[PDB]
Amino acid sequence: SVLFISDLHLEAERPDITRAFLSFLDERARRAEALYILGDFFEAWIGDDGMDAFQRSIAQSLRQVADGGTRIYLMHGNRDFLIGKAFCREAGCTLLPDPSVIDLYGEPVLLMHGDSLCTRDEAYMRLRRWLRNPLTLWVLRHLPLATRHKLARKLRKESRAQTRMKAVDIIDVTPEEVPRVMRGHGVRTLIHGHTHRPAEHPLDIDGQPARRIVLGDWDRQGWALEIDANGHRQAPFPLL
């Protein structure tokens, strides 16, 4: 079996989420063939060179699971798109680009964090285009660590202000983007996070049924999607 999680937003000041995650690693990820983390694993990331004691300890916990034979893949989200090779080497995980198509029990399956689908959120689309611009990444990594933390706090503050003001239809995925990107990748299954609305959505692509599975965020309870050759299930579990 294979596990999918996202939107944990791990941080030092949420030990309840950390405890749930570490229990999940021991109880479920150790026995899985693979674990996919589809973005926003951490609350924020300023670059691997800024990793703190807490973040290093999370890397070590992943490494224990990877060394047991579980393959771990990590995809960027909007909080942690600066995770690099140094972190993944310490964690024993593989960095997966957004988007990625994997083979899952013989079916091609598209994986994304999900924010790139939110094309009606024009203010966010503009921010994303600027944040991911190679010129932006260049200047950002030339900022001192403390100044990077300052700008990360400022972005979080403005995001918290602005997201409260937006309608749910503006911040959720644009419906017609889903068949468009799934057709382009030749898949009938898409798995993503970001939107915090765990669900499975049936849809049509060119007269053929397809599905979009949305992973849950861990703010109030943990979530995991588990797939094996016979079926799949997403279910929550309590934070510790």
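A residue's number is simply how far along the shown sequence it sits, counting from 1.
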Higher avg CA temperature factor (74-82 vs 95-103, as deposited) belongs to 95-103
Mean Cα B-factor check, 212-220 vs 15-23, entry values; winner is 15-23
Top Cα B-factor in this entry, restricted to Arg183, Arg197, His192, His201, sits on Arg183
The residue of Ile170, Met112, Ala152, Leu143 with the maximal C-alpha B-factor according to the PDB record is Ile170
Assert third(CA B-factor, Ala44) within chain per record equals lowest
By the entry's values, the third containing the CA B factor of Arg89 is the highest
Binned into thirds over the chain's modelled residues, the C-alpha B-factor of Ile37 lands in the lowest
In terms of its chain's C-alpha B-factors, the third that includes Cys118 is the lowest
Assert third(CA B-factor, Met165) within chain per record equals highest
